[PDB]
Structure formats: structure tokens, C-alpha cells
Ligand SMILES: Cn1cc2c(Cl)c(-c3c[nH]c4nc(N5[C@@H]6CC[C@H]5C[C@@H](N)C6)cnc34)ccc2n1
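Single chain ahead, by itself, as C-alpha cells, in the form solved without this ligand.
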């Protein structure tokens, strides 16, 4: 009974609130709405013994109060507390029993929110077809056959005829008896952080997640950038798969290599910029020296390993780090394993990297080896991955001038993309909280333009949503 603001009515008045509660509601019903008493503050309208009371909710920027009593980080938390505790007093007691859900479009797939008539016509032509429709903010029920914008007055009707209780009912009733014929919706992928729980329910019902991923897969044609360095005879033995190559414009360029070697400037790795990252593949025996040259050169102090060296009988990454207490040389680079510490889902190895011939070059590189990801599929609970990502974030924040975080699996696209995309999104939520707009496929596309095919499966696609929703819940 958390996260969602369904009982929140953003555009109603005190008189409308009383009317809704007295007609549509019952004793113990309630809704929240913005305060007319103070901008930014909220007012809670509740039905008690046949009449409606209005309670002031203080919003200080740091917390939410009822001008005294317990404090909460979000409005939904304040509401859940009072719904489950019943310590809402004046000295009269008020009970928060049944939320009165807002009938206006909110977290709806077909609802594009704030979007101009020209912007909707630009969207219904570039990505839309015949019968295709979108609802924008009164409400414009824009259709396409050329785009015809059917207006709607708020009871809700499209000029005349039938008055439906909610727009979710009026969008399904105008598709059966066409006024213009409605066939399929344009659909949005943007979702407000606080409403992810609702959207995840929509995408789970018969399929939303499949639709979203397939659509995203269809847009890879627009990301057919040059991979010329990756596709060369001199670099053919440096790639795990001949089809998974770095883009030339984003690739990590290596310097001062072995002159005997034909090409020394190459590694299957790309810089990812939303704090930057290096999405790289698992080490091949022949690329171990290159990986460390790159770690040194880029000033990275954190490595995120998301694969076991051996998974389902196959070599996914070669062991590129020395054993506990030991030291090893990897070409020009020396690595010393100082300490290995273990947690439930991962192991942290504290490594000391330096150029051979100079101790004045030594820096600590922290390797966060995630060991519990399944051979095939995604983890049941996103908690572990989130606790891991929080550990990696604090380490990166705690270090001065630390370079990009090197993230890798085998190919450097599947789990690498999943980890980087989850980290990018939860960072938007860290800086803006529950009141921010997040677009999972817009973010994936943005990362895909930097390294090809980041986030390989639909399982992974759903897992990003599952981790981001779970992150929101804990706030």
C-alpha cells in the first residue's frame, strides 16, 4: 500500500472533493489534493460520520508532517502509516480507510501528459499509423486515420452522447462503436518514479514488457555506427564474438604498446556516458595485459565483474587478477592482491596497480566480483544487485578524481548493460527522488548508441524495471 499516489487528485477543488466523497465515497474514504492554503503543501480530504474534514499536510522539502506527529520522506508513506495505524487526531480521531482513486489519466500507457497538438501530430505520423491514438493534457483524445483531435470536456464525454466515469472506460467504449475508428494506442514509455509500481503491473498483464523490448529492438537499425577497428585481421583474436564489436567513436584507445605487435591501440571496450563507465568484455588470455593498460590509462579505481570465470561449463572470463596475498606482472603493469573480503552475493578484492619501474604510480583498484547471478536468466529479488550497486557507488564517491567504472561480463553487453542502466536510473532517483520522470527504453537507446546491443534479453529488460521499482519502495 505504498509508492503510488492514485488517491492524489492534482486538479480538483475543495467543493469537488466533498462532492466526490459524498456521492462516490463512503465513511472512511479519502483523497489527497494540492493545498490552496500554501503552494507545495497538500490537504487530505476525509469522509467521517457523513461529512468531509480537510487536514493540512506540511511539505518542508526535507519531509511530510500533519504539522506535528511522525515525519515521512514521501506523501505516500505518510498516507500508508495513517492507513495502518489510526492515530490521526485533532482531540477528535479521523480514520484513513479507503483511498478514492482519481479517474483522470495518470500513469496510463496511452496518456502522453504534457504534449502539444503539433508535437502529438509529429508523433502520430513519425511512429504512428491508422487507428492509432494518444491522450494529452481538459483532455484532447487525438486520433489518426492525417490526425483528427477529438476534444473531451470534464463526468467525461467527447462532445456528446455517453458520459463515462473515467477516461480508461471512455477509451475502451469508443474503440467498439467508432465515432474516426480507434484500433491501437501510440503508447508512452515515460513513467514518473512514484508510479513505476502501476506501470509494472500494466506491463505484466496480458504483453507490455514484450511489446516495449521488441519496439526497442526495432530501433537498433538507427544505431548502425562504424566498428571498423573491431573488424580487422589484427584485432580478430581480441574479440570473444566476431559480431560484438566496439563503436569507433566511443571505443577506448590504448597507447604506448608493444611495437612488435601489429595493432596495440585496441581493446573491446567503450566509454559510456549518462560518473562515466567502461563497458568491456571478459578477458581473453591474450587481452589480460590490455585490460590493465586501459585500467591504468583511464584512472579507473573500481571494476564491477558480473560473471563467474566458468558458467555452464564454458569460460566466460579469464582470471586477470592475482591470488590473495600474491603479486603478478601483466606486461608493463604490476598487480598485488592486498585483501579479499566476502559478502553474501559478492567478493571485494583490494588490488594495487602500478607501472613496473615506478612505485610512484601505484593506486588501489577495488574489484567488486558479483558471484550469485544465474547461468541463464535474472535474479528473483533485485535487492542483492541493489546492495552491491550501493557498495560500488559509495566506493566511487569516496575516491578523489577516480576514473570511469569498468563494468564487464563475457561479451560486455548483457549483464553489463543491465548493471550500467540500473546504476544510471537509480542515480536519477538518488538526485531527484520519487518526483522524477524515468524512461527505461530511452535510457537503453542512449547507452546502445555508445556500445551496440546493451541489454540483450527481455528477462534483463524486466529486471531493470524490477530493480528500479524496488529502489523506489525503500525511499
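Residue numbers count along the first chain shown, from 1.
What follows is about the form solved in complex with this ligand, which we do not show.
Participant: Though this ligand is not shown, can you say which of 108, 197, 265, 309 has a heavy atom within 4.5 Å of it in the entry with it bound?
Facilitator: The residue in contact is 108.
Participant: To verify the annotation, which of these, 169, 350, 324, 211, has a non-hydrogen atom within 4.5 Å of this ligand in the entry with it bound?
Facilitator: Comparing distances to this ligand in the entry with it bound, the residue within 4.5 Å is 211.
Participant: Does residue 112 make contact with this ligand in the entry with it bound, using a 4.5 Å heavy atom cut-off?
Facilitator: Heavy-atom contact with this ligand at 4.5 Å: present for residue 112.
Participant: With a 4.5 Å heavy atom cut-off, would you call residue 177 a contact of this ligand in the entry with it bound?
Facilitator: Residue 177: no, not in contact with this ligand in the entry with it bound.
Participant: In the entry with it bound, does residue 65 come within 4.5 Å of this ligand, counting heavy atoms only?
Facilitator: No - in the entry with it bound, heavy atoms of residue 65 and this ligand never come within 4.5 Å of each other.
Participant: Is residue 337 close enough to touch this ligand in the entry with it bound, meaning at least one heavy atom pair within 4.5 Å?
Facilitator: Judged by the heavy-atom cut-off of 4.5 Å, residue 337 is well away from this ligand in the entry with it bound.
Participant: Of these, 45-53, 442-450, 22-30, 424-432, which stretch puts a heavy atom within 4.5 angstroms of this ligand in the entry with it bound?
Facilitator: Checking each option against the 4.5 Å cut-off leaves 442-450.
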